[PDB]
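Going line by line, the protein sequences match chains X, G, F and R.
When the letters of the first sequence are read in order and numbered with our numbering, they come out as residues 1 to 66.
When the letters of the second sequence are read in order and numbered with our numbering, they come out as residues 1001 to 1075.
When the letters of the third sequence are read in order and numbered with our numbering, they come out as residues 2001 to 2268.
When the letters of the fourth sequence are read in order and numbered with our numbering, they come out as residues 3001 to 3077.
Below: one structure, written as structure tokens.
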Amino acid sequence: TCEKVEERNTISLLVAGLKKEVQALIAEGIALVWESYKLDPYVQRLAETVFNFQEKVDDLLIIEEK
Amino acid sequence: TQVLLXXXXXXXXXXXXXXXXXXXXXXXXXXXXXXXXXXXXXXXXXXXXXXXXXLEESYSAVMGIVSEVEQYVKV
Amino acid sequence: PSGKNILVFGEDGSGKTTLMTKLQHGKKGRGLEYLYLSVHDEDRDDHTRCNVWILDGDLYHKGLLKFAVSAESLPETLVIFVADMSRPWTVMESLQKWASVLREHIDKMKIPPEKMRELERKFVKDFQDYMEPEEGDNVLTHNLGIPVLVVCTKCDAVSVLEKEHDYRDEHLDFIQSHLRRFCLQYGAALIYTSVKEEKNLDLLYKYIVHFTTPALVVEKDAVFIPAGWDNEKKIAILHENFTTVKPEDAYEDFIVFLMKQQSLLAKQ
Amino acid sequence: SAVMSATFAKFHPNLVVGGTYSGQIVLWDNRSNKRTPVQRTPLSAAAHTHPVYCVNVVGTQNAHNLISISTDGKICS
């Protein structure tokens, strides 16, 4: 999704917010190393936000071209 | 202009309007601002999210200006 | 009588459609709306074809004025400068702007005939010279000349204008005196207009182009400046009653890689 | 994901499903403006750990039970 967003910066305009939210969760995963308690909830947040975010990038690509 | 392409004194009177309905089309073919109207002061709505006020009514406005020019010649 | 003319110059609307409606329409988005007049010629409709051109905006209106004014049309061309009192700064700047557009029309379209230059400029000195007498020394007139007259709209809203930002004779009389300043400097006049009131426009247009007009300063809401009621002394007298004597500052008063490189330090 | 045994869906010919190597099962829908799976399974403990080798339909549209056999000794209907 971010390659479709960086190679087509017109999508990046409407993606940036949710992109940065997934980036914040990614930064959380980058910051901690071997955090057995916050591993699974961050994995859930990463997967759910990237799932929704994937739908956002694809849906925004379609809507912007429409 | 394409449609507009002593009793003989009315020709010089109608030619002024027929030639007057052509100078507005010399605005570099686009002009990017052929709209003269605006909306109201919005508080909590979708004003900038829509097109604009004059954006949805200027084409018919300038389209009707030439019709007014044509309808006000013979009388 | 030959072909009379009228050039109404609406400033972004300013009740110009309402003004031509009360006098005698699809819409207005570009300008140059050719209109004819069937004015009572004191007997019947003698085909007084006083053509009216509704010019609004500045998006290529010089060609519109070029087709709206012929060679022999110049003496019988009653130009009308229109702006509404709801925005006083618009009238103050737009009157100078319309005078500038008229000067552009004279400096660009009136300049080819040489005989009309030496005859029209003398007739202009005659008109501005015969603009003021027969009413019952010298005003700083500019070089503009054609039948000039101004018309201000939204005049039956003095209570609204004083409730919003005037609330003193300074602003109202300031507008009146400064429009009088521009009228005395342009050799013009000024006939106000209102909603279903002040039936006074057609009087000076039928009068000058060959039904007279009144003048009012007592009402202070319907102020009519006829041809000749613009002098460089009453302007200073009007903006002296609690207002500053000739100010130049009160005009504005009444006016992937990116984020990953950022988070690279978070991994440590 | 690496889909393994993407079988049909009884009374849903166009709503094709498929178990994956990741341990999740993916449900596609060609007529949902997404050839990518529209109903993905998260890889939590509810789903399977080891690869899902055999997703398969059990029963008609009334009891559309989709058993997804995995290599974990755990299946999911």
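Each residue gets a CB set at the ideal place from its N, CA and C atoms; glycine is no exception.
Which of helix, strand or coil does DSSP assign to residue i?
i, result
"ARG3031(R)", "coil"
"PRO2147(F)", "coil"
"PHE3008(R)", "coil"
"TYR42(X)", "helix"
"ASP2126(F)", "helix"
"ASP2253(F)", "helix"
"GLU3(X)", "helix"
"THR49(X)", "helix"
"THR3020(R)", "strand"
"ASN9(X)", "helix"
"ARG3040(R)", "strand"
"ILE26(X)", "helix"
"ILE2111(F)", "coil"
"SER3070(R)", "strand"
"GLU21(X)", "helix"
Are the Cβ atoms of residue i and residue j separated by less than 7 Å?
i, j, result
"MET2085(F)", "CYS2183(F)", "no"
"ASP3072(R)", "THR3049(R)", "yes"
"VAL2256(F)", "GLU6(X)", "yes"
"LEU2204(F)", "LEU2144(F)", "no"
"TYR2186(F)", "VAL2148(F)", "yes"
"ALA47(X)", "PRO3051(R)", "no"
"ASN2200(F)", "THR2213(F)", "yes"
"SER3005(R)", "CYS3054(R)", "yes"
"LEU60(X)", "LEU14(X)", "yes"
"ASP2221(F)", "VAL2158(F)", "yes"
"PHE2254(F)", "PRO2112(F)", "no"
What residue from the options has the CA that sits closest to residue i's CA?
i, options, result
"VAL2082(F)", "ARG2030(F), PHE2009(F) and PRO2088(F)", "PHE2009(F)"
"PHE51(X)", "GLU35(X), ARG8(X), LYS19(X) and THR10(X)", "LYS19(X)"
"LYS2260(F)", "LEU14(X), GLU28(X) and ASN9(X)", "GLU28(X)"
"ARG2121(F)", "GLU2132(F), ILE2106(F), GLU2135(F) and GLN2096(F)", "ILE2106(F)"
Taking just the CA atoms, how far does residue j sit from residue i?
i, j, result
"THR3036(R)", "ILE3067(R)", "21 Å"
"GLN2262(F)", "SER3044(R)", "30 Å"
"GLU2219(F)", "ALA2188(F)", "22 Å"
"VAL2217(F)", "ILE2054(F)", "29 Å"
"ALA16(X)", "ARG3040(R)", "24 Å"
"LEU2037(F)", "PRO2075(F)", "18 Å"
"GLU3(X)", "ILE62(X)", "16 Å"
"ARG2117(F)", "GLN2128(F)", "16 Å"
"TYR2130(F)", "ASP2137(F)", "13 Å"
"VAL57(X)", "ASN3056(R)", "32 Å"
Could you list which residues in chain R have their beta carbon closer than 9 Å to that of residue i, in chain order?
i, result
"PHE51(X)", "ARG3040 and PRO3042"
Starting from residue i, find everything on chain F with Cβ-Cβ shorter than 7 Å and list it in chain order.
i, result
"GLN23(X)", "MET2259"
Give the residues of chain G in contact with residue i, contact being defined as C-beta atoms less than 7 Å apart.
i, result
"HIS2025(F)", "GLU1068"
"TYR2205(F)", "None at all; the shortest Cβ gap to chain G is about 17 Å."
Since residue i meets chain X, which of its residues come closer than 9 Å, beta carbon to beta carbon?
i, result
"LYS2267(F)", "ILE30, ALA31 and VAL33"
Residues of chain F with CB under 9 Å from residue i, in chain order?
i, result
"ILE26(X)", "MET2259, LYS2260 and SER2263"
So residue i contacts chain X; which residues on that side make the cut at Cβ distance below 8 Å?
i, result
"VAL2256(F)", "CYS2, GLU3 and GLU6"
I want to verify the contact list: residues of chain R whose CB lies under 8 Å from the CB of residue i, in sequence order.
i, result
"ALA47(X)", "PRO3042 and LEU3043"
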